[PDB]
Amino acid sequence: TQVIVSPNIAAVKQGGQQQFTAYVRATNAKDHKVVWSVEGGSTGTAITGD
Amino acid sequence: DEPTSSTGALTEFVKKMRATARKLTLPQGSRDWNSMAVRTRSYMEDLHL
Amino acid sequence: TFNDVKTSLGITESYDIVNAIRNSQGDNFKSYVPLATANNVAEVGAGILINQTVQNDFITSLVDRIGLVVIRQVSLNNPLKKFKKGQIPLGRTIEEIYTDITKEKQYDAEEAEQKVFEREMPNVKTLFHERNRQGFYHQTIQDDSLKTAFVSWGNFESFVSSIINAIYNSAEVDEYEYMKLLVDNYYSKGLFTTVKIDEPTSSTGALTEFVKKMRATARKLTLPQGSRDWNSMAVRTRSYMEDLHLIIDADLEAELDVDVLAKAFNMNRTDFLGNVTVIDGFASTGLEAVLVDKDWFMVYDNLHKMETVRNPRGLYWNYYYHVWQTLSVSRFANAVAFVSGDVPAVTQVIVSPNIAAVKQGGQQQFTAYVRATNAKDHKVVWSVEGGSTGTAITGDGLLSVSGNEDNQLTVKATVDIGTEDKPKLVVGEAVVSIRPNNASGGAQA
C-alpha cells in the first residue's frame, strides 16, 4: 500500500553518507524488492543499494 | 517487524501495541490471549509491558 | 633600553588597508574614505608593543605621560574539580576492593550430611591506584625593582597580587589537562566500552541515531539489577542516574542544541539524561561523549604547599608552589566512550580474576568476557603460555596444572578478528602462581 523511508527528513553533510531504510508496508509477506533512487543533484551524488 | 530496524517499523510496532492493549481490556473479554482459553478481562492498571 | 622600531612589529599584514586599499578602489571601502585621521587610526590602533618617549606637540622639551594603567585580571577554574575526591597525607597506594556476587547451589539433605564445613571462596577483584604527578610552579617576584614601574600604590599591589594569581591559575590549567589525560589514557589503553556510532556532525540522522544510543546506554547503566558489562573489570555493578556524567565537547552540544532541541516539542525526551559537562578536547580520533559514573575518577591530593625563600642580596622572593596528586581512574565504575569512525571488532577480552594462585594438581576455570563492539562473532581461543609438561587449558577455561608445575603461568584468551592472512588478535591475559601440593606426591602407583 505504501513505502516509508527512514530519516524522511535528512540533512547530510557534503561528502557525508546517510544510511536510509525502506519500510515496505504490505499485506502478503512476499518481502518485496526496493529500488533506491535520488532526484536532483550532481553525477557524484549517487545512491547505492540498501 | 523489528522496531529497531527503522522508524517506519517503530510506529508500526506501537500501533500493534496499543491495539493489543485495548483488546486485553475490553469489557466483554476474550478467549484469545490466555492459554487456558477462558473469557477473562484485563484492566489497564494491571497490564505490564 | 630601546632604539627605533617599526610600529608593525609582529604584524603579518594580509593586506595594507591604509594606502594600498582604502586610497585605491571605489569599492565597499568608501565608508572609510572621508575620514581625515584614518591613516593614524589604522597605524597604531591595534596597540603598540614598544613605547617611545614621544615628545609634546607644542613644547618640544616636554614629554607625554601615561594617562592610565589597565591591569587586567583573569580567574581560571577547573571545570572538573567536582570530580575530585579528597586528600592523602601518608601513603602512596589506594586499594579499591570490589566484592562480586556468587553462584547458587541446590538444596539436598542427603548430601548436606557430609558437606557442612565445606568452603567456598568469595569473588573479589581489587585494583590499585598510586601517586602520579609531582610538580611545582616556580615564580619569582622582585618587589623593589618593580616600584620603578608604577606610580600608584594601588596599582603596585594589584600587580604583585596578579603574579600570585599567575600560579593558582596555572595550577588549575594543568590540573584540567591532566584530568583530560586520564580519559585519553583510558581510551588509548583500550579500556572504555566503546559504543560504535557515526560522526554526528555529518548527517542529522547520524546525530539523532546518536541520541538513541546515548539514552539507551544511560538507561542500561542504571538498571537496578546492574549489569556485568560496561566496565573494564567486568563485575555486576549498578549506576545511579544522578551519578552519570556525560562529557561532551562544545561542538557536539551545538549539534544537539541547534538541530535536536530546537525542533523538539518535548525537550526531556531527547535530552542527554546526564549531568552534561563541556570540554574542548579528547585529543585522539572519533572519541567524544564519554559517559562515566562519578566514581570513575580517583583524583586525590597529596600536597598543596607554597614555599617561599627570600634572596636578601638581590631583593626578590621565590614562590615554589608544589602540587602532588594521585590522578587515576577506577575501573570498578562503568564508563562508555561513544567513538565515531571505524573501531575494531573486539576492543578487549576481559578474563577471570587474574590472580588465581592454584595448587599443583588443582583446577581453575577462567571466564572470558569479550567486549565486542558490533553484534556477534568471536569464539575465544585459550592458551597456557608459561610453564608446561602437564599444564593444559581446555576449550573452556579449566587450567588443570600438574604435579610438576612450578613457574607462574600466563592464561591467554585469544580472539582472532580481521584478515586470515594477517590475523589481528585481541589477547586478554590472566596470571596464576603455582603453589606446591606436598601430598599425593613424589612417585605414584
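Residues numbered from 1 in each chain as written, not as in the entry; some residues may be left out. Chains lettered and ligands numbered in written order. Part of a larger assembly, values for the part shown. Heavy atoms only, no water. Residues with missing side-chain atoms left out of burial classes, pairs and counts.

In its metadata, the entry names cryo-EM as the structure determination method and reports 3.2 Å as the resolution.

(A) Representation of the overall build of chain C within the structure. Within chain C one finds six helices and 17 strands. For a compact globule of 445 residues, the expected C-alpha radius of gyration is about 22 Å, and chain C comes in at 33 Å, more than 25% above that figure. By residue count, 34% of the 445 residues in chain C fall in the buried class. Within chain C, contacts between residues at least 6 apart in sequence are counted, and of these 71% link residues at least 24 apart. Element-wise, carbon and sulfur atoms account for 50% of the exposed surface of chain C, whose accessible area totals about 28300 Å². Looking at charge distribution, chain C has the averaged site of its 44 positive side-chain charges lying 3 Å from that of its 55 negative ones. (Helix = DSSP H or I, 4+ residues; strand = E, 2+ residues; numbered from the N terminus. Rg over C-alpha atoms; globule rule 2.2 N^0.38 Å. Buried < 20%, exposed > 50% of the residue type's maximum accessible area, 1.4 Å probe, protein only. Contact = heavy atoms within 4.5 Å. Areas by Shrake-Rupley, 256 points an atom, 1.4 Å probe, with all protein chains shown as cover. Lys, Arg positive; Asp, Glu negative; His and termini not counted. Charge placed at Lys NZ, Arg CZ, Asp CG, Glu CD.)

(B) Structural view of the interface of chain B and chain A. Between chain B and chain A, the residue contacts involve eight residues of the former and six residues of the latter. A per-class count over the side of chain B that touches chain A returns one nonpolar, four polar and three charged. (Nonpolar A, V, L, I, M, F, W, Y, C, P; charged D, E, K, R; others polar.)

(C) Geometry of the nonpolar core. Residue and element names in this part refer to chain C. Core analysis: the biggest nonpolar cluster contains 25 residues, and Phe 192, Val 290, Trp 296 and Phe 297 have the highest contact counts within it. For this core, the secondary-structure elements that each account for two or more residues are α4 (170-188), β7 (290-293) and β10 (335-339). At five residues, the largest contribution of residues to this core is made by α4. Beyond its immediate stretch of four places on either side in the chain, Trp 296 contacts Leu 182, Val 183, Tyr 186, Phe 192, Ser 328, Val 329, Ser 330, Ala 333 and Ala 335. Judged by nonpolar contacts, the second largest core, of 21 residues, contains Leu 207, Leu 261, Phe 272 and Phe 338. (Core = buried A, V, L, I, M, F, W, Y, C linked by side-chain atoms within 4.5 Å.)

(D) Structural detail: a positive patch on the surface. Taken together, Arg25(A), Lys15(B), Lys16(B) and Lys23(B) make up a surface patch of like positive charges. When residues of the positive patch are assigned to their parent elements, the largest contribution, three residues, is made by helix α1 (residues 8-24) of chain B. Structurally, the position occupied by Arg25(A) is in strand β2 (residues 22-25). (Patch = residues over 30% accessible without salt bridge, like charges linked within 9 Å, V, L, I, M, F, W, Y side chains within 5 Å. Salt bridge = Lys/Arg side-chain N within 4 Å of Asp/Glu carboxyl O.)

(E) How the structure looks around the interface of chain C and chain A. Contacts between chain C and chain A engage six residues on the former and five residues on the latter. With both chains or domains summed, chain C and chain A bury close to 450 Å², and 42% of this area falls on carbon and sulfur atoms. Interface area lost by chain C to chain A is led by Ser202(C), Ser203(C) and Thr204(C), which between them contribute 72%. For the interface between chain C and chain A, the tally reads zero salt bridges. Here chain C and chain A share three residue pairs in polar contact between them. Of the residues in the side of chain C that touches chain A, the class split is one nonpolar, five polar and no charged. (Buried area = accessible area lost by both parts, 1.4 Å probe. Polar contact = N/O pair within 3.5 Å; in protein donor to acceptor, adjacent residues only side chain to side chain.)

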